[PDB]
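Input: a single structure, listed below in structure tokens.
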Amino acid sequence: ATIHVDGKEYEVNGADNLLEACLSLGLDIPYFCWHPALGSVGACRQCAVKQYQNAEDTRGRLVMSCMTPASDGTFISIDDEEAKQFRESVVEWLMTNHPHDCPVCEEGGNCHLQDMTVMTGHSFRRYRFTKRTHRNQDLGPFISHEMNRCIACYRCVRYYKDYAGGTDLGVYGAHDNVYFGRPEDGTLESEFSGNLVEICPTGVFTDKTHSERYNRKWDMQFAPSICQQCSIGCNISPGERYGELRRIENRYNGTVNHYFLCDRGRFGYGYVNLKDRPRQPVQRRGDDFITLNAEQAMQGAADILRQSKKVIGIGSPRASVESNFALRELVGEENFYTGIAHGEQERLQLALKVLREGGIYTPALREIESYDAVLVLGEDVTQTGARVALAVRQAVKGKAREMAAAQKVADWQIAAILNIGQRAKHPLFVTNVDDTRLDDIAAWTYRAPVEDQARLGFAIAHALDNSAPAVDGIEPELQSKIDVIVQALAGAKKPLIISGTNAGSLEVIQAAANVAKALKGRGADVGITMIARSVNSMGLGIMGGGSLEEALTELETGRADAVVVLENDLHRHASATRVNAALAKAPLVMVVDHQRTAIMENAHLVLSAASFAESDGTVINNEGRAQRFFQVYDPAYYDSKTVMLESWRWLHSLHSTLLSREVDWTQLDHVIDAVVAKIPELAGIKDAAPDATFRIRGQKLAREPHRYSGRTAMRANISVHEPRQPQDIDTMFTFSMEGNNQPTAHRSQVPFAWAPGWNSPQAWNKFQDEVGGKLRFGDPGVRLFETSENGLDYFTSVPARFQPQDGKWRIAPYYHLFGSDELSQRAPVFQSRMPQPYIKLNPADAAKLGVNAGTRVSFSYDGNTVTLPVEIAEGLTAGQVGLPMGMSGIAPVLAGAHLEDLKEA
Amino acid sequence: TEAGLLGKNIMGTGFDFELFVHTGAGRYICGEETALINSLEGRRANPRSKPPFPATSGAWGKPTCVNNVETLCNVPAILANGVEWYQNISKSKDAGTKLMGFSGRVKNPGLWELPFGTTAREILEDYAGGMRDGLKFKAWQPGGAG
Amino acid sequence: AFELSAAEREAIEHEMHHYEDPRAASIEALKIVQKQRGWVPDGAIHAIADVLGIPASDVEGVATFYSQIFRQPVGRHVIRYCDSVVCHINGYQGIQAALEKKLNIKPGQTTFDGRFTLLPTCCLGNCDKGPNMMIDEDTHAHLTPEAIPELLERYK
Ligand SMILES: Cc1cc2nc3c(=O)[nH]c(=O)nc-3n(C[C@H](O)[C@H](O)[C@H](O)COP(=O)(O)O)c2cc1C
Ligand code: SF4
Ligand code: SF4
Ligand code: SF4
Ligand code: FES
Ligand code: FES
Ligand SMILES: [Ca+2]
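As they're listed, the protein sequences go chains U, Z and B. Using the numbering used here, the letters of the first sequence correspond one by one to residues 369 to 1273. Using the numbering used here, the letters of the second sequence correspond one by one to residues 71 to 216. Using the numbering used here, the letters of the third sequence correspond one by one to residues 2 to 157.
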């Protein structure tokens, strides 16, 4: 398509509207109510341009550029005097009721309304009458509410309801008394409510966790990092000030998590600021503790490990690929063990084998939204991999998109698309032990035990292909629902099968693989998605190693006397009594970690590892994509006594001091080259980011904005003499303003979005090739494995039906977005969001045991009895008991396990 | 409905039509046709952007036509007396009759059915009786508050 | 502690029968609850929402959008006087002054005994017979300030 803007000719996409086409070209049109992910509605009237009928037209007509298609031969003017006057008038109308709040408003310096007020050139007030005011609501621990600052742009309700599927936010009232919020005071129930603070162009919805320790955007130090709180791999921008992690902003990745995080990633960062974190290496002598510097810790640990007969290693899916590899190098591959349990490891390697040997393409998170039928087997996606649930919601709305495209409706005119596709949607079939948050859009929800979910999957596979193994003993009603699922999946042009390791069953993953293979054999464009548990679960599975039980047997038989434990709370993957026994028996326990874990009282040496904010590394998401995270700040800048190093730096220095009796720390690229040389299956992590010698025209990439303030006063209470700038020999980023953050810079790693005149999150428009697309020179991260040419065979081990047993309660997992990821539970703001741990019972089982709702019942596991209060769960089938995985005292390894002597307390 | 003019198989022609009455809740914006459609769907009566028009995707995404009471009341006379009768009511560009009237401080405020092309002074003086005694005509609005 | 009665619920489902989407019965459900109880209390929003299968935010947005759906308690009789342009020409301000003198309240307020709620309203479609006002279901036209105290005593 050809458009003519202010006399200049441009080539654009004819399926785009004029606002997105002009913003993709670098032109500046002010806008409020349009968002790239939400489409156009034409509410705020800010984006007015003057459209002419042809080239020889002089009058024109004011139109909304967001509501006008960028068709071939369009003639518009942005800098027309009437259009500029109207845009300034719209800003002025928004400013009549706006409170005098910018100094005490958390959006200041990051405010889209401030930027557009300046952009329209409106700075003189002639309105002299009263300003309307509003009372505020309490919205829960994460989002602060200030309705005085609202410009009624409807972005919040459109995102929250139409995009995110939330139900407790809305618009109320009338003409100029329109109020955006909840019907009453209460916590926002959506798992994606935290994106409101970036969606809202004003300071109505603000990050309350940031507001407790507020600082302005120009004062932050940013880095491009990866969210550690689950396996999805959403790109984030952690921003710090005065040594503490202050905020987590969304970092745009056009392939992964484009505009949106989940609330666990956005608000579950507070463990980094915990005061009980290890700051320096501590060694226990008798019952006392002494603090060493890094050189003495290396010398002493190397001497003691050299004296030992066999050192074994216990990695973690928390830790990066470099640190796990450095542990495997320090102790040896045969003496290296993965820190996860045997069944967890078997499910993880089966998921990996399906992903990289199943012959079926695994889509990225953005690509999930294009599939026209979704079958979720076992995985409670909203509580474990929430952004996948958001993408599946978009894929479900794909049917309304298709029916609107049949009627020649433009893809950005979102209200018309929603009107045409009233309640029609692509088929979603979710299976779980109970009800899920996807049930409001699911075509069918199967509440059954994990073996019954696997039997449903195998029956679906056999009904799609007769070569797949059959399931005997299917009820006619279940058979009819299976036929409904099979007819939906067979007629789909792009079916997606989602599963994961959180369901705690191998047969669920095998059933998902068999359904994917049956759909592949019919010539369909089937995709398969696996959901892992932690941030680098797939990296630990690719690296491999023995299970935690093998390391426990090594430490219990006594043939291993030294154990290194990296970034691992061992009680999550094994019983606490066995771990405590094996660590009390071991004459040397060394723990490299960044959080005060429960195995640090039996640890002879504790090394203060860095968290993700203070470290660099590579993590593998469940898609198979290697992603590099970068250090945000130097922990020794404000407190010079802090000895907090990268985990791979600690372990490499330990290996060097063991071999050559000399302390060499390392560089990061040397560890990357070591990983890709010893491990060919991790050879893709070299290309995840450029090395530390990468430059943009000779200069490094800046971590802090240009107007970073207080550089001669922020440490002046300690000493008036300014310290040296911290040196980053690890990466291509500099710990200073003296660097490059241009939107046109040839790079893929962007620490923060800022452009002149665009101080809000809308500067990501400037950092993109087209708005809502990808980053200009490609999204960061590369895929480790491609689709295999040949798939697997059908798994013939169909499990039997679940039979309840008397005195034997099968544990059904109940994951929570706030509580099932260990580090996020450590965050103090998650305690207010923390649900009370309730054990779920069937009405029949609770009636048999004579316990009502809210009564305390005690159950015995691993020879220990614990008491939990009863919540009645109707959907949970009999013979099962529901437990919240990952909580304080309930390990995720308990999922799929049995339980004995459940008695009323 | 009792006489067979509404419901199933109207006049033995196989045409099914059901007519409902939906009473409003007091907002002026609901009279706008797309906002009327939104209000009929049980939503806040915000109007919709056109295109698409309600004829293609209106009420619940279905083809929908919204018409005034007086237009629908003009339809049966057209279909009972013929097109050429309706075209010959007045010699004006707007065919047919129209309910016109005058309100305010006039002697006879009311409503009369007149052909298009009747002047405002004819409605004010002949039909409305002019202004009241001791009142001088300053201004007038032809067709409502807008 | 709100609970929908059997008659209210049955009327709501009968309204749901007339549409292809049960969301379209939200305004009529709110009006049914208002007709039974005088206004729509806070728990009625959640009750109507769970009957219709729509979120309570949608029901509250509808209820607060429409002026005739009362979300605050009113008196036993609601006087709604027209304050639009033709009744302004016909002299609604004398009617408003007479009503304020008789009831000793401002518009939007309720009398001390809870008998009358005074409300301005848009044009009642009775402009040739103005000034007009609406008491609970009756329209009174050709209003004069002298007839207001006599006509207000017909509603107890
Ligand atoms: C603010 C506004 C209020 C309106 N109110 C009414 C109304 O009350 N009654 C009506 O018939 N048309 C009203 N209309 C006009 C409608 O949009 C539409 O033209 C009409 O309902 C049906 O068109 P018709 O005249 O061809 O039958 C209103 C329009 C606007 C912009
Ligand atoms: S929302 Fe923006 S313009 Fe309004 S007070 Fe806050 S910083 Fe200022
Ligand atoms: S609260 Fe924010 S996002 Fe919502 S309408 Fe107001 S300004 Fe827009
Ligand atoms: S979905 Fe997972 S990776 Fe993404 S923000 Fe949430 S916890 Fe982090
Ligand atoms: S951005 Fe176009 S009208 Fe709001
Ligand atoms: S102006 Fe009052 S009834 Fe119309
Ligand atoms: Ca570093």
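Ideal placement from N, C-alpha and C gives every residue a C-beta, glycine not left out.
Below-8 Å beta-carbon distance, residue i vs any chain B residue
{"i": "residue 207 of chain Z", "result": "no"}
{"i": "residue 173 of chain Z", "result": "yes"}
{"i": "residue 156 of chain Z", "result": "no"}
{"i": "residue 212 of chain Z", "result": "no"}
{"i": "residue 182 of chain Z", "result": "no"}
{"i": "residue 72 of chain Z", "result": "no"}
{"i": "residue 409 of chain U", "result": "no"}
{"i": "residue 112 of chain Z", "result": "yes"}
{"i": "residue 115 of chain Z", "result": "yes"}
Cβ-Cβ separation, residue j to residue i (assumed contact under 8 Å), whole Å
{"i": "residue 1210 of chain U", "j": "residue 1233 of chain U", "result": "About 21 Å; that fails the 8 Å criterion."}
{"i": "residue 894 of chain U", "j": "residue 1040 of chain U", "result": "At roughly 34 Å, the Cβ-Cβ gap does not stay under 8 Å, so residue 894 of chain U and residue 1040 of chain U are not in contact."}
{"i": "residue 382 of chain U", "j": "residue 440 of chain U", "result": "6 Å"}
{"i": "residue 1073 of chain U", "j": "residue 643 of chain U", "result": "That belief does not hold up - the Cβ atoms of residue 1073 of chain U and residue 643 of chain U are roughly 28 Å apart, past 8 Å."}
{"i": "residue 916 of chain U", "j": "residue 707 of chain U", "result": "6 Å"}
{"i": "residue 1289 of chain U", "j": "residue 1007 of chain U", "result": "Since the first and last residues shown for chain U are 369 and 1273, residue 1289 of chain U lies out of range."}
{"i": "residue 572 of chain U", "j": "residue 590 of chain U", "result": "Actually they do not touch by this definition, with Cβ atoms about 24 Å apart."}
{"i": "residue 966 of chain U", "j": "residue 937 of chain U", "result": "6 Å"}
{"i": "residue 429 of chain U", "j": "residue 458 of chain U", "result": "Contact doesn't hold; Cβ gap of about 17 Å is too wide."}
Endpoints, alpha helix (DSSP H) assigned at residue i
{"i": "residue 44 of chain B", "result": "43-53"}
{"i": "residue 1180 of chain U", "result": "No alpha helix (DSSP H) holds residue 1180 of chain U; the beta strand (DSSP E) holding it covers 1178-1181."}
{"i": "residue 944 of chain U", "result": "944-953"}
{"i": "residue 576 of chain U", "result": "576-580"}
{"i": "residue 14 of chain B", "result": "7-17"}
{"i": "residue 879 of chain U", "result": "874-889"}
Span of the beta strand (DSSP E), counted from its first residue to its last, around residue i
{"i": "residue 994 of chain U", "result": "993-997"}
{"i": "residue 798 of chain U", "result": "796-800"}
{"i": "residue 86 of chain Z", "result": "85-87"}
{"i": "residue 651 of chain U", "result": "650-653"}
{"i": "residue 1126 of chain U", "result": "Premise fails: residue 1126 of chain U is in no beta strand (DSSP E) and is neither H nor E."}
{"i": "residue 1224 of chain U", "result": "1224-1229"}
{"i": "residue 1248 of chain U", "result": "1248-1251"}
is_contact[residue i, chain Z] using C-beta, thresh 8 Å
{"i": "residue 1158 of chain U", "result": "no"}
{"i": "residue 190 of chain B", "result": "Outside the shown range of chain B (2 to 157) lies residue 190 of chain B, about which nothing can therefore be said."}
{"i": "residue 777 of chain U", "result": "yes"}
{"i": "residue 1047 of chain U", "result": "no"}
{"i": "residue 366 of chain U", "result": "What the structure shows of chain U is the stretch from 369 to 1273, and residue 366 of chain U is not part of that stretch, so it cannot be assessed."}
{"i": "residue 28 of chain B", "result": "yes"}
{"i": "residue 773 of chain U", "result": "no"}
{"i": "residue 86 of chain B", "result": "yes"}
{"i": "residue 25 of chain B", "result": "yes"}
{"i": "residue 435 of chain U", "result": "yes"}
Below-8 Å beta-carbon distance, residue i vs any chain U residue
{"i": "residue 108 of chain B", "result": "no"}
{"i": "residue 188 of chain Z", "result": "no"}
{"i": "residue 71 of chain B", "result": "no"}
{"i": "residue 65 of chain B", "result": "yes"}
{"i": "residue 132 of chain B", "result": "no"}
{"i": "residue 126 of chain Z", "result": "yes"}
*Closer than 7 Å from C-beta to any heavy atom of ligand 6: which residues, in chain order?*
B:83, B:85, B:86, B:87, B:88, B:124, B:125, B:126, B:127, B:128, B:131, B:132, B:133
_Whole runs of the alpha helix (DSSP H) within the stretch 483-545 of chain U, excluding any shorter than 4 residues_ = Listed in chain order, nothing qualifies, since the stretch 483-545 of chain U has no complete alpha helix (DSSP H) run of 4 or more residues.
*With a cut-off of 5 Å, give the chain-ordered residues whose Cβ is closer than this to any heavy atom of ligand 2.*
U:469, U:470, U:473, U:475, U:476, U:479, U:481, U:482, U:517, U:570, U:571
*asked:* What ranges does the alpha helix (DSSP H) occupy inside the stretch 980-1068 of chain U, keeping only unbroken runs of at least 4 residues that lie completely in it?
replied: 1015-1027, 1036-1046
*Continuous beta strand (DSSP E) assignments of at least 3 residues falling wholly in the stretch 599-671 of chain U*: Segments of the beta strand (DSSP E) lying fully in the stretch 599-671 of chain U: 603-609, 612-618, 650-653, 656-659.
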